[PDB]
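See below for the structure under consideration.
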Amino acid sequence: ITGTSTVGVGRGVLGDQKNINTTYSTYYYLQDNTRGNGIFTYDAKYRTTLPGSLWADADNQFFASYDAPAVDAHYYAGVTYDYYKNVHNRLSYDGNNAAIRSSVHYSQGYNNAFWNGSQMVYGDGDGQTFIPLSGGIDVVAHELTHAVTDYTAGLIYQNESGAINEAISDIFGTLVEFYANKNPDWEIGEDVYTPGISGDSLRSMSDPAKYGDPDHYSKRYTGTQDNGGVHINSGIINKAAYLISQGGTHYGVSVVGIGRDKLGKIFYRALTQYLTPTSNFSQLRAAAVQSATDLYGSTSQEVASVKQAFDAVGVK
Ligand SMILES: CC(C)C[C@H](NP(=O)(O)CNC(=O)OCc1ccccc1)C(=O)N[C@@H](CCN)C(=O)O
Ligand SMILES: [Ca+2]
Ligand SMILES: [Ca+2]
Ligand SMILES: [Ca+2]
Ligand SMILES: [Ca+2]
Ligand SMILES: [Zn+2]
């Protein structure tokens, strides 16, 4: 909407106060004009018709329980925009400052979040498996990263290409979580998963097997559930990424860690310059090796560690 840029204040899903960029025109709208061609957050009002209505508020204060998922979807989309722009020189998900749109309060009891081809969508959860999913910065960044993937490598959402697609979203979700630097970890979704159980998460990148996901190619899932295991076999690539960054010895193979920033540079370059819609795990290894070679040189530690990490997870 046309209006003037304003700054509201509110509370997110976990009860924390934050400022949000809004727009005033009769109402205050969740429309942040400070980033690209805007970040826009919508109320889906417990229905499934998208996007719903641009979020309107009478007083620019967002402290109601119903407001909390909107506050976080809006704010964490901004953090994710900032990560891609400041760290990777990428302007929004399309590289051309496309408007970023999110809807919250999608459906009833909906234990998921997704990119629908055009926008982000967040359930409220059922209160048992999830609370409103936009409360997780790693979740928000996971969803926006699907849009980045779709505009770049275009990885098809099935089998190995789909597991790479998933891992890319977990990797950058985690790197955004570290960028914001509030309780960062290598776990996925911990801030919104199972409010009655402490210390768990939906997936682990440091130890995927903690939640039944494979940590070696020999343990990959080969069936048809979950689009051929896209959220399962992502563990193999998540583990490789974790090892590149943090190091470790895994199934007897030692990896010298090179840190998060270099992980992110290598995988961003692989995603945007080398991967294709049908890339498999072996082709990802090759893309990561080439990316590290471009950035750091063929004889570098970074290249050697990429090879070590893929060896450790059984990907040649
Ligand atoms: C990070 C966590 C919290 C959420 C994440 N969701 P996602 O990966 O982005 C789900 N996207 C998806 O399916 O896209 C395909 C699609 C959909 C609509 C239009 C076009 C293409 C996830 O891991 N979900 C799991 C667990 C959900 N309980 C799961 O779906 O099995
Ligand atoms: Ca208000
Ligand atoms: Ca965390
Ligand atoms: Ca996390
Ligand atoms: Ca929990
Ligand atoms: Zn995903």
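All heavy atoms count here, side chains included; hydrogens, waters and symmetry mates do not. All ligand and atom numbering here is 1-based and tracks the order in the structure. Along the sequence shown, residues carry numbers from 1.
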Task: N/O/S atom name from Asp200 that is nearest to the position of the Ca ion (ligand 5) - done: OD1
TODO: Answer yes or no: does an N/O atom from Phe130 fall short of 3.5 Å to an N/O atom of ligand 1?
DONE: no
Task: salt bridge (charged side-chain N to carboxylate O under 4.0 Å, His left out) partner of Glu302, the single match among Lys265, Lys307, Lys262 - done: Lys262
Open item on the list: Considering both backbone and side-chain atoms of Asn116, is one of its nitrogen or oxygen atoms within less than 3.5 Å of a nitrogen or oxygen in ligand 1?
Closed with: no
Open item on the list: List ligand 1 atoms under 4.0 Å from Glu166, heavy atoms only on the residue side.
Closed with: 8 (O)
- [ ] Would you check if the Ca ion (ligand 5) lies under 3.0 Å from any N, O or S atom of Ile197?
- [x] yes
Open item on the list: Test your reading of the structure: does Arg203 have an N or O sitting under 3.5 Å from an N or O of ligand 1?
Closed with: yes
Open item on the list: When you measure from the Ca ion (ligand 3) to the N, O or S atoms of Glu177, does any of those distances fall below 3.0 Å?
Closed with: yes
TODO: Specify side chain, backbone, both or neither for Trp115, according to which of its non-hydrogen atoms lie closer than 4.0 Å to ligand 1.
DONE: backbone
Open item on the list: Consider side chain to side chain contact (heavy atoms under 4.5 Å, CB included). Of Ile237, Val315, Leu155, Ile168, which one does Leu284 pass it with?
Closed with: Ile237
- [ ] Check each heavy atom of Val192 against ligand 1 and say whether those closer than 4.0 Å belong to the side chain, the backbone, both or neither.
- [x] neither
Open item on the list: Ring of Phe40, cation from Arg101 - is the NZ or CZ under 6.0 Å from the centre and inside 45° of the axis?
Closed with: yes
Task: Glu190, N/O/S atom nearest the Ca ion (ligand 3) - done: OE2
Task: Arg285 NZ/CZ over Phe310 ring centroid, <6.0 Å and within 45° of normal - done: no
TODO: Just say parallel, tilted or perpendicular for the rings of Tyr242 and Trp186, cut-offs at 30° and 60°.
DONE: perpendicular
Open item on the list: Suppose we call two aromatic rings close when their centres sit under 6.0 Å apart. Are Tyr46 and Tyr66 close by that rule?
Closed with: yes
Task: Residue that, paired with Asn33, satisfies side chain to side chain contact (heavy atoms under 4.5 Å, CB included) out of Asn21, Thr6, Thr23 - done: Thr23
Open item on the list: If we only consider heavy atoms of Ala113, is any one of them less than 4.0 Å away from an atom in ligand 1?
Closed with: yes
- [ ] Would you check if the Ca ion (ligand 3) lies under 3.0 Å from any N, O or S atom of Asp185?
- [x] yes
Task: Same apolar cluster (I L V M F W Y, side chains within < 4.5 Å links), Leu14/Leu133 - done: yes
- [ ] Indicate if the distance from the Ca ion (ligand 5) to the nearest N, O or S atom of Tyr193 falls below 3.0 Å.
- [x] yes
Open item on the list: Using 3.0 Å as the threshold, say whether any N, O or S atom from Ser198 sits that close to the Ca ion (ligand 5).
Closed with: no
Task: Pair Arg35 + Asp82, salt bridge at N-O below 4.0 Å - done: yes
